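J.: Protein chains in written order, with the numbering used here: chain A, 3 to 63; chain B, 85 to 148; chain C, 10 to 54. Idealized CB from N, CA, C, for every residue including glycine.
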């Protein structure tokens with residue numbers, strides 16, 4: 003079941019990292035939201051790569 | 085409000101055009117599923133459009 | 010016809026099976042799967 007969670011971890015976190023990179027107002031637009039967009043995108047995109055490693059490793063099971 | 089009636093015309097004409105062009109194999113479930121789902125999609129669209137056509141409450145927030 | 014808007018049209022037919030061909034007709038009706046029997050002798054124990 004880790005491959006399903008890992009595929010959603012690729013897709014959802016890649017979309018979230020792209021929405022932090024382009025300064026989308028549903029993620030950056032508030033005062034309580036983080037200030038720097040690509041600084042959060044750089045640490046969400048690496049998590050997308052980590053879940054892609056889990057998806058490739060559990061895809062050969 | 086006339087952009088709700090203008091969508092009701094093109095939904096109702098589509099449903100009438102599907103009532104006469106339904107497949108003969110399963111008529112009472114082709115023209116019952118598709119015609120009722122267009123009605124319910126139009127009903128939720130009209131309800132979500134008319135609540136914002138003339139609103140009484142303005143959106144108010146502090147953090148922006 | 011199809012019967013998804015209302016029910017299908019039932020008839021209440023009446024067969025007469027002789028004793029020579031009785032098991033064969035019963036095993037035929039078991040394979041046809043169209044005849045819903047009704048218990049005629051309800052008053053018997």
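Let me know if residue 53 of chain A comes out buried or exposed under the rule of 16 or more other beta-carbons within 10 Å of its beta-carbon.
T.: As a working note, residue 53 of chain A is residue 51 in the first chain. Residue 53 of chain A is buried by the Cβ-count criterion.
J.: Can you round the beta-carbon distance between residue 106 of chain B and residue 115 of chain B to whole angstroms, since I take them to be within the 8 Å contact cut?
T.: Taking the second chain and counting its residues from 1, one reaches residue 106 of chain B at position 22. Taking the second chain and counting its residues from 1, one reaches residue 115 of chain B at position 31. Rounded, the Cβ-Cβ distance is 4 Å, consistent with contact.
J.: Strictly below 8 Å CB to CB, what residues from chain B border residue 31 of chain A?
T.: Here residue 31 of chain A is taken as the residue at index 29 of the first chain, counted from 1. Think of a sphere of 8 Å around the beta carbon of residue 31 of chain A: the chain B residues whose beta carbon falls inside it are 148, in chain order.
J.: Taking the straight line between their C-alpha atoms, what separation do you get for residue 112 of chain B and residue 22 of chain C?
T.: In the second chain, the residue the question calls residue 112 of chain B occupies position 28. In the third chain, the residue the question calls residue 22 of chain C occupies position 13. Straight-line Cα distance between these residues: approximately 28 Å.
J.: Please state if the CB of residue 110 of chain B and the CB of residue 33 of chain C are separated by a distance shorter than 8 Å.
T.: If you number the third chain from 1, residue 33 of chain C lands on position 24. If you number the second chain from 1, residue 110 of chain B lands on position 26. Cβ distance not < 8 Å, so residue 33 of chain C and residue 110 of chain B don't count as in contact.
J.: By DSSP, does residue 22 of chain A sit in helix, in strand, or in coil?
T.: Numbered from its first residue, the first chain carries residue 22 of chain A at position 20. Residue 22 of chain A falls in the helix class under three-state DSSP.
J.: Classify residue 141 of chain B: buried if its beta carbon has 16 or more other beta carbons within 10 angstroms, exposed otherwise.
T.: On the second chain, position 57 is the one that residue 141 of chain B refers to. Residue 141 of chain B is exposed by the Cβ-count criterion.
J.: Count the other CB atoms within 10 Å of the CB of residue 15 of chain A; is the residue buried (16 or more) or exposed (fewer)?
T.: One-based indexing of the first chain puts residue 15 of chain A at position 13. The residue is buried, with at least 16 neighbouring Cβ atoms inside 10 Å.
J.: Report the three-state DSSP secondary structure of residue 25 of chain C (helix, strand or coil).
T.: Against the third chain, residue 25 of chain C aligns to sequence position 16. For residue 25 of chain C, the three-state secondary structure derived from DSSP is coil.
J.: Using the three-state DSSP reduction, which class does residue 54 of chain C fall into: helix, strand or coil?
T.: Here residue 54 of chain C refers to the residue found at position 45 when the third chain is read from its first residue. Of the three classes helix, strand and coil, the one that applies to residue 54 of chain C here is coil, per DSSP.
J.: Nearest to residue 13 of chain A by CA position, among A/46, A/61, A/32, is which residue?
T.: Taking the first chain and counting its residues from 1, one reaches residue 13 of chain A at position 11. For the residues A/46, A/61, A/32, the minimum Cα distance to residue 13 of chain A belongs to A/46.
J.: Look at residue 21 of chain A and residue 10 of chain A and say whether their C-beta atoms are less than 8 Å apart.
T.: Stepping through the first chain from its first residue, residue 21 of chain A is reached at position 19. Stepping through the first chain from its first residue, residue 10 of chain A is reached at position 8. Not in contact: residue 21 of chain A and residue 10 of chain A (Cβ atoms no closer than 8 Å).
J.: Does the region 88-98 of chain B come close enough to the region 123-137 of chain B to have 3 or more Cβ pairs within less than 8 Å?
T.: The answer is yes - the region 123-137 of chain B touches the region 88-98 of chain B, with three or more Cβ pairs under 8 Å.
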